[PDB]
Every structure is written in C-alpha cells, then in structure tokens.
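In what follows, chains carry the letters A, B, and so on, assigned in the order in which the sequence lines appear, proteins first and then strands, with residues in each chain numbered from 1. Order of appearance sets the numbers: ligands from 1, and atoms from 1 within every ligand. Only this structure's heavy atoms are used, side chains among them; waters, hydrogens and symmetry mates stay out.
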Amino acid sequence: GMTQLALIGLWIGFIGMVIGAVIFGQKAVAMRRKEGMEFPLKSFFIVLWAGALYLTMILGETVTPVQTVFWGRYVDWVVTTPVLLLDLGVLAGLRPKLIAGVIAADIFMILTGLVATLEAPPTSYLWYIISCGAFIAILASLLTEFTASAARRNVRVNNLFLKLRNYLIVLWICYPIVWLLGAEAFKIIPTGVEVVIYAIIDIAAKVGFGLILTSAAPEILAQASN
Amino acid sequence: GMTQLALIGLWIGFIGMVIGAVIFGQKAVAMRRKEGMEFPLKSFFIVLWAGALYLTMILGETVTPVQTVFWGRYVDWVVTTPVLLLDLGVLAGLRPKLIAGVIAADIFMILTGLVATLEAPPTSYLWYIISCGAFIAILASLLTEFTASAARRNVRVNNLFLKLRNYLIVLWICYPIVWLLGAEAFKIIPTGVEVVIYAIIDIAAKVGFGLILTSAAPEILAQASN
Amino acid sequence: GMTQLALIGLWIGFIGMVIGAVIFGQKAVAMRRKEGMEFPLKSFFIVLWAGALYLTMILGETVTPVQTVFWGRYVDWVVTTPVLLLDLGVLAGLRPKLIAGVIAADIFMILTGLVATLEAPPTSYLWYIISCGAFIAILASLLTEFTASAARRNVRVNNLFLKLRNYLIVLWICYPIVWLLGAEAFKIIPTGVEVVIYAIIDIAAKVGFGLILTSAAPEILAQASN
Ligand SMILES: *C/C=C(C)/C=C/C=C(C)/C=C/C1=C(C)CCCC1(C)C
Ligand SMILES: *C/C=C(C)/C=C/C=C(C)/C=C/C1=C(C)CCCC1(C)C
Ligand SMILES: *C/C=C(C)/C=C/C=C(C)/C=C/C1=C(C)CCCC1(C)C
Ligand SMILES: CCCCCCCCCCCCCCCC
Ligand SMILES: CCCCCCCCCCCCCCCC
Ligand SMILES: CCCCCCCCCCCCCCCC
Ligand SMILES: CCCCCCCCCCCCCCCC
Ligand SMILES: CCCCCCCCCCCCCCCC
Ligand SMILES: CCCCCCCCCCCCCCCC
Ligand SMILES: CCCCCCCCCCCCCCCC
Ligand SMILES: CCCCCCCCCCCCCCCC
Ligand SMILES: CCCCCCCCCCCCCCCC
Ligand SMILES: CCCCCCCCCCCCCC
Ligand SMILES: CCCCCCCCCCCCCC
Ligand SMILES: CCCCCCCCCCCCCC
Ligand SMILES: CCCCCCCCCCCC
Ligand SMILES: CCCCCCCCCCCC
Ligand SMILES: CCCCCCCCCCCC
Ligand SMILES: CCCCCCCCCCCC
Ligand SMILES: CCCCCCCCCCCC
Ligand SMILES: CCCCCCCCCCCC
Ligand SMILES: CCCCCCCCCC
Ligand SMILES: CCCCCCCCCC
Ligand SMILES: CCCCCCCCCC
Ligand SMILES: CCCCCCCCCC
Ligand SMILES: CCCCCCCC
Ligand SMILES: CCCCCCCC
Ligand SMILES: CCCCCCCC
Ligand SMILES: CCCCCCCC
Ligand SMILES: CCCCCCCC
Ligand SMILES: CCCCCCCC
Ligand SMILES: CCCCCCCC
Ligand SMILES: CCCCCCCC
Ligand SMILES: CCCCCCCC
Ligand SMILES: CCCCCCCC
Ligand SMILES: CCCCCCCC
Ligand SMILES: CCCCCCCC
Ligand SMILES: CCCCCCCC
Ligand SMILES: CCCCCCCC
Ligand SMILES: CCCCCCCC
Ligand SMILES: CCCCCCCC
Ligand SMILES: CCCCCCCC
Ligand SMILES: CCCCCCCC
Ligand SMILES: CCCCCCCC
Ligand SMILES: CCCCCC
Ligand SMILES: CCCCCC
Ligand SMILES: CCCCCC
Ligand SMILES: CCCCCC
Ligand SMILES: CCCCCC
Ligand SMILES: CCCCCC
Ligand SMILES: CCCCCC
Ligand SMILES: CCCCCC
Ligand SMILES: CCCCCC
Ligand SMILES: CCCCCC
Ligand SMILES: CCCCCC
Ligand SMILES: CCCCCC
Ligand SMILES: CCCCCC
Ligand SMILES: CCCCCC
Ligand SMILES: CCCCCC
Ligand SMILES: CCCCCC
Ligand SMILES: CCCCCC
Ligand SMILES: CCCCCC
Ligand SMILES: CCCCCC
Ligand SMILES: CCCCCC
Ligand SMILES: [Mg+2]
Ligand SMILES: [Mg+2]
Ligand SMILES: [Mg+2]
C-alpha cells in the first residue's frame, strides 16, 4: 500500500544498517578481550535493531494504511536513541544517574513524537511541540553537563566527545524539521521522499556516528571506557 | 464518549501535574550542581509522565469505549509507581537488589490491575486479588527492610523516610479501595466521580509526596542521596 | 476455541509454576537475612511471571484464534529468559556490561520469535532464522565468556555454573526444535501436544533449574552472590 519511492527508501535504510552491522560486528570481534569493546558492541546493537525494524516495514508488519503510517520507525528510535546517548555519556564520563535522566527525556521525546504522528491536526501539533520541548532539554544537557564532564577527562577523550556531540546534534535536529515539512504538518515533502530522507539521516546518525566512534585510536576507546 | 464529570476529573489531574512540573522543575534547576538534585529531578519526571498521560486521556487517545475504559492511567502508574518506590529506597539506603525486587513486585501489581480492569466479572476479581497480594508484599517490604535500613541512617534522614513512608502507604491504600467501589466491582462510585477521586489522590500521591520530599533541608537531601 | 489437550497442557504449566513459586518463595523467606538470597528470589520471580502468563492463557486473555496463537508465552519468555541468563551471569561472575549484551541478544531472540509466530510462511521462516542467529550468539557467549569467567572462581561455584550451564543449554535448544515441528510451522506435532511439550520443558527450565540452583549449599550461593 506504500509508494514505490517509499519502498526504495526502506531498502536504503535496511541495506545501510546491514552494512553497518557487518562493519561493527567485525570491529567488535577485533576488539574482543580489549578495553573499549563496549563501543563497537553498542554500535552493532544499534544498527541491528534499526535494521530489524526497517525489515518489519519492508514486510508491511509495522506500517499501517489509514496515507501509510510508518510506526515501526518509532519502535526503532525508542530503543536506539537511548543507546546513542549512552555512548556519549560513557565518553563524557557522565554520572549514571544523569545519563538515566537524559535517557528518560529521550524516551519521552520519541513516544510523544509517536503520539504526534498518530494524531490529527491540530492535536498532532500539540504533541510535536511537547516532544520538541523534551528535545531542547536533551540538547541543553548535551551542551552543558555532558560537555562539562568531558572537559575534565583527557584531551583526546574530550576531543572525541566533542566531535561526536556536534555530529549527533546536527543530525538529530534534522528529524523534527523533516517531520514538520512532511505529511504530518506542512505537506511540503511528499511521503515517499520523506521515507528516503529519514533513511539517509538514519544511516548517517547510526552508521556514520558509529564509524567515527569506533575508528578512534584503541587507546582512546580504552581510557574512555574507564 | 466519557461523561462531563469524568472530563472535569481529567483536567483536575492534568493541571495538578502541570503545576507540580513547574515546582519540581524549578527545584531541580535550583539544585543544578548539588548533591540531592536527584530527588527534585525524579519528582519532576513523575509528574511529567503523569501529566502527559492525563493529557492523552483528555484527548481520548488512551481511553476506550467497550462503559469507558481509562487504560491510560495504567501506562501512567506502571512508570511512576516504581520511581516513587525508588525515591523511598534511596532515602532508606536500601541495597539496590532489594529495590529491584520491590520494583518488580510493583510492576506486577500494576499490570495485574490492568488485566483486572480489562476483564469481566468474576475473572476481574481474581486478578484484583492477585494484584492485592503483590501490594501487601510491597507494604510489608516498606514496613520491614526499608524501615530497618532507614533506622541505620542519621536521625534527620530516618525521620524524612518515615514521614514519606507513612504518607505513601496511606495514599496508595486508597487506590484498590476506590477500584473495588467503582465500576469495576461493586458499582457504588459512579464512573465520573471515580475519575475525579483518582485525580485528587494522584495529585496528593505525586505532587504532595514530591513537595514533602523536595522541601526537606538541602543538607538532608545531600546526605540521603549518598 | 482451544482444544481440550491444549487446556490440559496450560494447566500443567500453571500448576508447575505455582508449585515452584511456593518452594522458591518459602526458600527466599527462609534466606531473608543471608547472602545468596538473590538466587531463590530471582527463581521465585521467574516462576511467578510464568505462572501468571500461564493463567492468562488458561483464561483466553493472551490467546487469539486466527488456528490459535498462544502469544502470551512470548510475554512470559521476554521477561523470564533474561532473568535466567542473569542467574548464570551472577554465578559466573561475569562483568555487568557483558551480561547486558547477552540479555539484549536474548530479548531480540524472543521478539523476533514472536514476529515469526505472528507471520505467515514463508516470511515466518525468515524471522525464525534471524531468531536462531541470536540464539547461536547467546550459546557461544555461554560457552566462552561465561565459562572463562566461571573457571576463575572457586571450584564449587564453578562446578555449579557448569551443571546449570549444560542443563540450560540442552533445554533451551528444545524450544526452536518444537517450534519448527509444531503448529507455528510445519505441523508435525499437533497443537495440543505442542502445548503439553512446552509446559514440560518450561517446568524443567524454570522449576528444575531453580531447584538445582537453590539446592546448592548456602555457602556456595553465598560466595557466588559475592
Ligand atoms: C537512529 C535514529 C535517530 C537518531 C532518530 C532521532 C529522532 C529524533 C531526534 C526525533 C525528533 C522529533 C521531535 C523533536 C519532535 C517530534 C517529531 C520527532 C519524533 C521526529
Ligand atoms: C501516581 C499513582 C499511584 C501512586 C498509583 C498507585 C496505584 C495502586 C497502589 C494500585 C493498586 C491496585 C491494587 C492493589 C489492586 C488492583 C487495582 C489497583 C491497580 C488499583
Ligand atoms: C522459561 C522459558 C524459556 C527458557 C524459553 C526459551 C525459549 C527459547 C530459547 C526460544 C527460541 C526460539 C528460537 C531460537 C527461534 C524462534 C523460535 C523460538 C522463539 C522458540
Ligand atoms: C524496491 C527495491 C529498492 C532497492 C534499493 C536498493 C538500495 C541501494 C543501496 C543503497 C545502500 C546505501 C548503503 C550506505 C552504506 C553506508
Ligand atoms: C551507565 C549506566 C546508565 C544506565 C541508564 C539507566 C536507564 C534509565 C532509563 C529508565 C527511564 C524509564 C523511562 C520510561 C518511560 C518514560
Ligand atoms: C529522492 C529525494 C532524495 C532525497 C535526498 C535526501 C538527502 C538528505 C540529507 C540530509 C542530511 C544528510 C546527512 C549526511 C551527513 C554525512
Ligand atoms: C538503586 C537503583 C535500583 C534500580 C533497580 C532497577 C530494577 C529494574 C526493575 C526490573 C524488573 C523488571 C520486571 C519487568 C516485568 C514486566
Ligand atoms: C491476598 C490478597 C487479599 C486481597 C483482599 C481481598 C479483598 C476482597 C476483594 C474480593 C473481590 C469481590 C468482588 C466484588 C463483587 C461485586
Ligand atoms: C524482598 C523484596 C521483594 C519483596 C516482594 C516479593 C514479591 C511478592 C509478589 C507476590 C505476588 C503474589 C500474588 C498472588 C497472591 C494471591
Ligand atoms: C510521620 C508520619 C507523618 C506523615 C503521615 C501522613 C498521613 C497521610 C495523610 C493523608 C490523608 C488521606 C486520608 C485518607 C484516609 C482514608
Ligand atoms: C478512600 C476513598 C475516599 C473516597 C471519598 C469520596 C467521597 C465521595 C464519594 C461519594 C460517591 C457517591 C455518589 C452518589 C451518586 C451515586
Ligand atoms: C547485573 C547486570 C544487569 C544488567 C541488566 C541490563 C539489561 C539491559 C537490557 C538492554 C535492553 C535491550 C532491549 C532491546 C529491545 C528492547
Ligand atoms: C547481520 C549480522 C552481521 C553479523 C556480523 C558480521 C561480523 C563479520 C565478522 C568478520 C570477522 C573478520 C575477522 C578478520
Ligand atoms: C478546555 C477546558 C480547560 C479549562 C481548564 C483550564 C484551567 C485554567 C488554566 C490554568 C493554567 C495552569 C497554570 C500552570
Ligand atoms: C488439570 C491438569 C492436571 C494437573 C497436573 C499437575 C501438574 C504437576 C506439575 C509437576 C510439578 C513439577 C515440579 C518439579
Ligand atoms: C513551530 C511549528 C508548530 C507546529 C505548527 C504546524 C502547522 C502546520 C500547518 C499545516 C498547513 C497545511
Ligand atoms: C462530584 C465530585 C466528587 C468529589 C470527590 C472528592 C474526592 C476527595 C477524595 C479524597 C481522598 C484522599
Ligand atoms: C486544579 C488542582 C490544582 C492542584 C495543584 C496541587 C498543588 C499542591 C498539591 C498538594 C497535594 C496535597
Ligand atoms: C493463584 C490463583 C488461583 C488460581 C485460580 C485459577 C482460576 C481458573 C479459572 C478457570 C475458569 C475458565
Ligand atoms: C552476545 C552479543 C552478540 C549478539 C549478536 C546478535 C546476532 C543477531 C544475528 C541476526 C541473524 C542474522
Ligand atoms: C545463522 C542463522 C542460523 C539459522 C539456523 C537455521 C534454522 C533452520 C532453518 C529452517 C527453516 C525452514
Ligand atoms: C493548560 C491551559 C489550558 C488552556 C485551554 C486551551 C483550550 C484550547 C482547546 C480548543
Ligand atoms: C498492612 C500490610 C501488611 C503488613 C505486614 C508487615 C507488618 C510488619 C510491621 C513491622
Ligand atoms: C534487568 C532484569 C531483566 C528483566 C528483563 C525484562 C525485559 C522486558 C522486555 C520487554
Ligand atoms: C495428558 C498429558 C500428560 C503428559 C505427560 C507428562 C509427563 C511426560 C514427562 C516426559
Ligand atoms: C536502552 C534501551 C531503552 C529501551 C526503552 C524502551 C521504552 C519503550
Ligand atoms: C485540540 C488541541 C488544541 C491544542 C492547540 C494545538 C496547537 C498548539
Ligand atoms: C524534559 C522537559 C520536557 C518539557 C515538555 C514540555 C515542553 C512544552
Ligand atoms: C539548543 C539548546 C540551547 C542550550 C544551550 C545551553 C548553553 C550552551
Ligand atoms: C542512495 C545511497 C544512500 C547512501 C546514504 C549515505 C549516508 C551518509
Ligand atoms: C471541559 C471541562 C474543563 C474542567 C476544568 C477543570 C478545572 C481544573
Ligand atoms: C464546566 C466547568 C465546571 C468546572 C468545575 C471545576 C471544579 C474544580
Ligand atoms: C540525578 C538523578 C536523575 C534520576 C532521574 C531518573 C528518572 C527516571
Ligand atoms: C516545566 C513545565 C512542564 C509542563 C508539563 C507539560 C506536560 C506534558
Ligand atoms: C495545552 C493542553 C490543550 C488541551 C486541549 C484539549 C482540547 C480537547
Ligand atoms: C480496551 C483497550 C485495551 C488497551 C489497553 C492496552 C494498554 C497496554
Ligand atoms: C523504572 C520505571 C520503568 C518501568 C516501566 C515498566 C513498563 C513495563
Ligand atoms: C532482583 C531482580 C528481580 C527482577 C526479576 C523481574 C521478573 C518479574
Ligand atoms: C472464571 C474465573 C472465575 C474466578 C473468580 C474468582 C473470584 C475470587
Ligand atoms: C502482517 C502480519 C504479521 C504481523 C506481525 C506484527 C509484528 C509486530
Ligand atoms: C517475501 C518474504 C520472503 C522471505 C523468504 C523466506 C526465507 C526462508
Ligand atoms: C551448540 C550445542 C552445544 C551443546 C554443548 C553443551 C554440552 C551439553
Ligand atoms: C552434559 C550434561 C547435560 C545434562 C542436562 C540435560 C537435562 C535434560
Ligand atoms: C544450535 C541450535 C540452533 C537452533 C536450530 C534449530 C534446529 C531446527
Ligand atoms: C541482505 C539483503 C537481502 C537482499 C535480498 C534481495
Ligand atoms: C534478508 C532479507 C530478505 C527479505 C526479502 C524481502
Ligand atoms: C497505527 C497503529 C500503530 C500503533 C503503534 C503502537
Ligand atoms: C502510550 C504512550 C504515551 C506517551 C506519552 C508521554
Ligand atoms: C496511543 C496514542 C494513540 C493516538 C491515536 C489518535
Ligand atoms: C519548547 C517548545 C519548542 C517549540 C519549537 C517548535
Ligand atoms: C522547554 C524545556 C527546556 C529545558 C532546558 C533545560
Ligand atoms: C535516492 C537519493 C540518493 C541521495 C544520495 C545521498
Ligand atoms: C501485558 C500482559 C501482562 C500480564 C500480567 C500478568
Ligand atoms: C490482557 C487482556 C485481558 C482482556 C480480557 C477481556
Ligand atoms: C467537580 C468536582 C470538584 C472536586 C474538587 C475537590
Ligand atoms: C481539587 C485539588 C486536589 C488537590 C489535592 C489535595
Ligand atoms: C501535602 C503537601 C505537603 C507539603 C509540605 C511542604
Ligand atoms: C487428564 C489430566 C492429565 C494430567 C496429566 C498430569
Ligand atoms: C555493551 C552492549 C550493551 C548493549 C546495549 C543495548
Ligand atoms: C525485533 C524486530 C521486532 C521488534 C518489534 C516487535
Ligand atoms: C550454537 C553454536 C555455538 C558455538 C560454540 C562456540
Ligand atoms: C548438567 C545438569 C545435570 C542434570 C541435573 C538433573
Ligand atoms: C522441516 C520439516 C518439513 C516437514 C514437511 C512436511
Ligand atoms: C509434568 C512433568 C514435569 C517435568 C519436570 C521436569
Ligand atoms: Mg499523522
Ligand atoms: Mg473492567
Ligand atoms: Mg504462527
């Protein structure tokens, strides 16, 4: 029931995650019995879950015609975006309870975005604004407590945190902008194009992010983990 | 599909949680880099989640005609009641493995209560009794191992624990009593009145509890958090 | 909607879990002030959750006629199989981050198995293969990382781990074999017989496992817990 372009977009996301899974799985094998192996392993789980959920959408299991609702992508994001933040929190050396609070905010952001996607205007816009409020709090925490914590660590660990922090922030800001421009609000981006855009940003946000992270020198990953 | 009285009750709950969010949000900001900030932060998250779920019920998103089933309140409780017990566990100095067991019992209590609410008599009463059994186990834990652990701490931390322990017990006992008197069992309390009562108890159990906790002297919260 | 044999199988599983919960619950209460009490408590929670889900299937709550899908057993397994792996990880002395990774693989195994159960052939077989891939990763970790960590512990703790590791592995391999032979796939085993078989293996994998673990000498459980 979806457009041909939407199906192409789902295939792009799926193949991207599968390639990521091979890359990070191999890196994790290469890092067995080494400090810092948690980083390729987390990257591997992120792309494995995203890849599985892309497959459920290809198969029509987590999409629903009402326009097609691609609700599987929220099942993906509600699991993978916390693990991405966990990555930065470990790099930053952030206290576990603070990491937990940001993960709670993130899950709230994704679930209110799901409600926004399922609703009709203008109620959908209310939930979009609520979810953006949670996003802004997450961005503020990244730019403040994460950054202050990372600045107390070794220079190379701090440098890697800042690179990934900035990469994550730029990519994540793309999502609510695409949402607002797409069929859920202003209807500027056609539904099929929207699926393709999300797949490209997903690949950047998960495979690109993991490539930057896991390509750091092994000594840096070792000291970052402890 | 709900009565006007029920809608009034949902708005009371919603506005109460929003006011609580302002209070605990300001307290969390004020304790930004102080030991004990975890307490206003958890209180903020509790009323944020409860307020969002009250909003989903106002909007008819988590309410289903089957006779109006307010199943959104279980999505609220299954998340917020564990965090309330975590609060008491940190104050008591309780070992995390013991906190985990009581949280598991609490999630079991809420989920069996959801099955009781969705079921028809007499099967609904079976699940009510099972959920009550989990509740009695939680109460016994609060009165025994939580209380013995708190009694090892200094006088002011122990006194704060006991105040919040007693407050929590009295308010939580109200819930299964309202449930038994309302539409799901004896049908003594009309559905609309039941919604109003839950909103008032919810405000007391989340905002009132958080106010007692977050108004303690900051040095006590700092000591309790260690 | 379900056969008489299938209902008999559900009652066998339910009664087995109730028996386990009495045994492990009383053992947990008897160990209330001792090191190692986490083992009977986790065993109690495992059979409590499984028994409750068996009850939901007896009552038709987590069973849907499609020709009958027993989807409640996935709600059971997604919670209990992680706790069983946690048991082995505590006995082995495994690093918590490693336990978290195998638990993630296990949840993925159970959820992809649920998708396989809900799907139609040949798509169901794709998810079965994916789930088997996760299962193989779990078995590999049990036979490598868990085993290496246990061998660095006291001979009595290590001997207990190996006995439970071998017991668990043999029993868990039975599940995907039954699945492929049964009603969710190739229909060699009648549906009613398949329910009875799952009840028997479930009792062995939860009550039998818990009996072996909690019957160890209390000093062995004590040093394993630390
Ligand atoms: C791997 C997937 C990633 C990094 C997805 C990130 C998604 C977001 C940051 C979503 C943001 C949203 C809002 C801030 C408002 C409501 C709409 C959303 C869910 C797209
Ligand atoms: C903020 C919300 C709170 C503190 C809610 C607490 C709810 C309960 C203690 C519910 C208890 C129930 C039983 C013990 C039996 C079954 C019915 C319930 C779920 C109302
Ligand atoms: C107490 C319940 C237990 C120990 C259940 C264990 C279940 C499994 C190991 C399931 C395995 C499966 C596969 C590996 C492939 C797909 C079918 C499953 C879910 C039966
Ligand atoms: C309807 C079938 C459409 C098939 C579309 C093929 C996708 C083309 C591959 C693009 C994968 C990008 C991988 C990026 C790796 C970093
Ligand atoms: C370094 C260890 C970090 C551990 C992070 C714990 C995750 C906390 C997430 C719990 C939040 C539950 C949100 C439920 C829906 C709002
Ligand atoms: C058929 C429409 C094609 C749509 C092209 C979408 C490109 C969107 C890119 C947005 C951000 C790119 C992140 C890449 C960073 C390396
Ligand atoms: C001091 C921090 C304590 C944190 C304990 C978190 C325990 C998490 C609860 C585990 C129980 C899961 C049961 C799920 C049943 C659906
Ligand atoms: C071990 C748990 C004790 C639970 C206390 C039982 C309270 C009585 C509830 C019985 C349900 C009666 C349904 C009312 C029929 C209108
Ligand atoms: C010691 C810390 C954990 C204490 C909580 C134990 C969990 C007890 C749950 C019991 C549920 C029984 C329901 C059946 C009653 C008829
Ligand atoms: C040291 C104990 C002080 C805290 C005591 C709190 C008592 C809570 C009063 C709540 C009033 C609700 C009454 C409902 C009775 C059915
Ligand atoms: C512990 C529960 C306290 C609840 C107090 C509520 C008092 C008002 C309830 C009156 C309901 C009677 C409605 C009359 C119309 C049928
Ligand atoms: C003693 C160590 C306990 C470790 C428990 C951590 C559990 C983390 C589970 C990771 C969640 C992955 C879920 C994927 C699908 C929702
Ligand atoms: C889709 C699942 C991906 C599986 C991970 C692939 C890992 C490849 C291992 C490569 C090891 C090479 C050693 C030199
Ligand atoms: C649609 C009916 C809603 C009326 C309730 C509004 C109450 C007045 C607003 C109070 C503002 C709350 C400040 C935190
Ligand atoms: C109505 C179904 C008959 C009841 C049979 C009872 C099942 C016995 C379970 C065995 C428990 C095993 C504990 C080791
Ligand atoms: C800042 C944006 C808040 C959400 C407003 C959405 C308005 C969409 C207009 C749709 C016209 C087709
Ligand atoms: C028709 C309005 C009914 C008003 C109900 C008042 C509820 C007070 C509950 C107090 C419980 C602590
Ligand atoms: C409309 C209802 C407003 C309730 C706001 C509650 C703030 C104080 C809570 C005290 C709990 C006893
Ligand atoms: C521990 C709970 C007691 C068990 C009650 C089982 C009730 C079975 C009812 C079957 C009727 C369809
Ligand atoms: C122990 C951590 C390894 C988890 C690996 C999961 C493997 C999933 C395989 C998917 C089937 C192709
Ligand atoms: C690497 C994944 C291994 C999967 C094992 C295959 C299970 C049997 C497939 C038969 C399905 C019809
Ligand atoms: C929280 C403030 C409530 C203001 C009510 C707005 C009414 C809009 C409904 C059309
Ligand atoms: C009222 C709930 C059941 C109470 C059992 C525990 C009482 C022990 C008091 C120390
Ligand atoms: C941390 C103890 C393990 C409990 C696993 C529960 C998994 C629920 C998945 C839905
Ligand atoms: C009527 C079902 C009886 C099933 C027999 C259970 C015992 C078999 C253990 C191998
Ligand atoms: C770290 C995994 C988070 C999963 C959150 C799921 C909430 C629906
Ligand atoms: C029906 C919900 C109206 C809320 C306004 C939405 C835009 C802020
Ligand atoms: C974590 C803060 C969430 C704020 C949501 C409301 C913003 C309008
Ligand atoms: C985009 C959120 C603004 C937060 C900035 C915090 C101060 C660097
Ligand atoms: C059509 C190919 C898409 C490649 C995505 C690249 C992500 C940075
Ligand atoms: C439409 C009913 C609104 C009720 C407002 C309640 C005041 C807190
Ligand atoms: C229709 C407005 C009635 C609101 C009642 C307010 C009770 C707090
Ligand atoms: C500083 C402690 C933050 C704890 C917040 C967790 C809320 C679930
Ligand atoms: C800081 C005020 C938060 C407002 C609560 C919003 C409830 C969804
Ligand atoms: C800010 C909350 C708006 C709620 C609108 C309710 C419309 C039925
Ligand atoms: C009658 C609708 C039941 C929906 C409840 C689902 C809550 C997880
Ligand atoms: C610690 C709060 C999260 C509990 C959520 C459980 C939902 C089944
Ligand atoms: C002590 C941790 C127990 C958690 C198990 C929860 C299963 C219902
Ligand atoms: C069909 C289930 C009936 C159980 C009723 C038990 C009430 C105590
Ligand atoms: C489309 C029929 C299969 C349904 C599978 C649902 C998986 C979430
Ligand atoms: C259209 C889905 C086909 C899945 C292939 C089955 C692999 C055994
Ligand atoms: C993959 C099967 C290995 C089983 C070996 C365990 C010894 C009983
Ligand atoms: C190699 C020893 C494994 C024996 C366990 C089998 C239990 C059915
Ligand atoms: C080593 C066990 C893998 C599961 C394959 C199931 C056999 C049909
Ligand atoms: C792993 C990609 C499979 C593609 C099938 C056409
Ligand atoms: C491995 C995925 C193949 C599915 C084809 C739709
Ligand atoms: C459109 C139905 C999707 C529900 C997502 C949980
Ligand atoms: C059912 C999910 C509701 C989340 C709103 C915070
Ligand atoms: C769970 C939220 C559903 C909203 C449908 C409009
Ligand atoms: C904090 C509210 C954000 C709204 C911007 C769209
Ligand atoms: C709108 C909420 C923003 C919070 C910033 C700390
Ligand atoms: C089909 C769109 C391809 C865009 C390349 C980044
Ligand atoms: C979602 C079903 C939960 C059952 C609790 C016993
Ligand atoms: C858990 C679902 C219960 C529904 C019974 C009508
Ligand atoms: C209309 C009910 C109001 C209740 C406030 C105590
Ligand atoms: C009607 C407001 C209720 C406040 C909680 C005591
Ligand atoms: C019930 C609210 C109490 C507030 C104490 C500061
Ligand atoms: C007919 C009842 C059989 C029970 C087997 C344990
Ligand atoms: C280090 C692996 C943890 C995986 C988190 C989902
Ligand atoms: C792991 C793929 C399916 C997850 C949603 C049930
Ligand atoms: C299932 C095969 C496991 C391999 C053991 C190293
Ligand atoms: C390896 C487990 C031995 C079997 C115990 C009955
Ligand atoms: C793998 C079993 C196939 C059965 C064909 C009837
Ligand atoms: C009824 C059979 C019990 C199986 C115990 C291993
Ligand atoms: Mg929409
Ligand atoms: Mg009901
Ligand atoms: Mg099937």
Tell me: protein heavy atom nearest atom 6 (C) of ligand 51, and distance?
-> A/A140 CB, 4.1 Å
Identity and separation of the nearest protein heavy atom to atom 2 (C) of ligand 51 = A/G133 O, 3.9 Å
If you measure from the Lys or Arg side-chain nitrogens to the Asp or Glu carboxylate oxygens, is any gap between B/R165 and B/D87 under 4.0 Å?
-> no
Indicate whether atom 13 (C) of ligand 14 is within a distance of less than 4.0 angstrom of some protein heavy atom.
-> no
Roughly how far apart are B/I107 CD1 and B/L85 CG, rounded to 0.5 Å?
-> 10.0 Å
Which protein heavy atom lies closest to atom 1 (C) of ligand 14, and at what distance to 0.1 Å?
-> B/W11 CZ2, 3.6 Å
Is the gap between the ring centers of B/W172 and B/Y175 under 6.0 Å?
-> no
State yes or no: are the ring centers of A/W179 and A/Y198 separated by less than 6.0 Å?
-> no
Got the closest protein heavy atom to atom 4 (C) of ligand 33, with its distance?
-> A/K97 O, 3.7 Å
For residues B/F14 and B/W11, establish whether the separation of their ring centroids is below 6.0 Å.
-> yes
Any non-hydrogen protein atom less than 4.0 Å away from atom 3 (C) of ligand 14 = yes
Nearest-contact summary for atom 9 (C) of ligand 14 - protein heavy atom, Å = B/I15 CD1, 4.7 Å
Indicate, with yes or no, if the rings of B/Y74 and B/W71 have centres closer together than 6.0 Å.
-> no
Closest non-hydrogen protein atom to atom 4 (C) of ligand 51, residue and atom name please, with distance?
-> A/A137 CB, 3.8 Å
What atoms of ligand 33 come within less than 4.0 Å of a heavy atom belonging to B/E38?
-> 1 (C), 2 (C)
Looking at B/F45, which atoms of ligand 33 are within less than 4.0 Å of one of its heavy atoms?
-> 5 (C), 7 (C)
Atom pair CZ (A/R153) and CZ (A/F161), whose distance is rounded to the nearest 0.5 Å = 11.0 Å
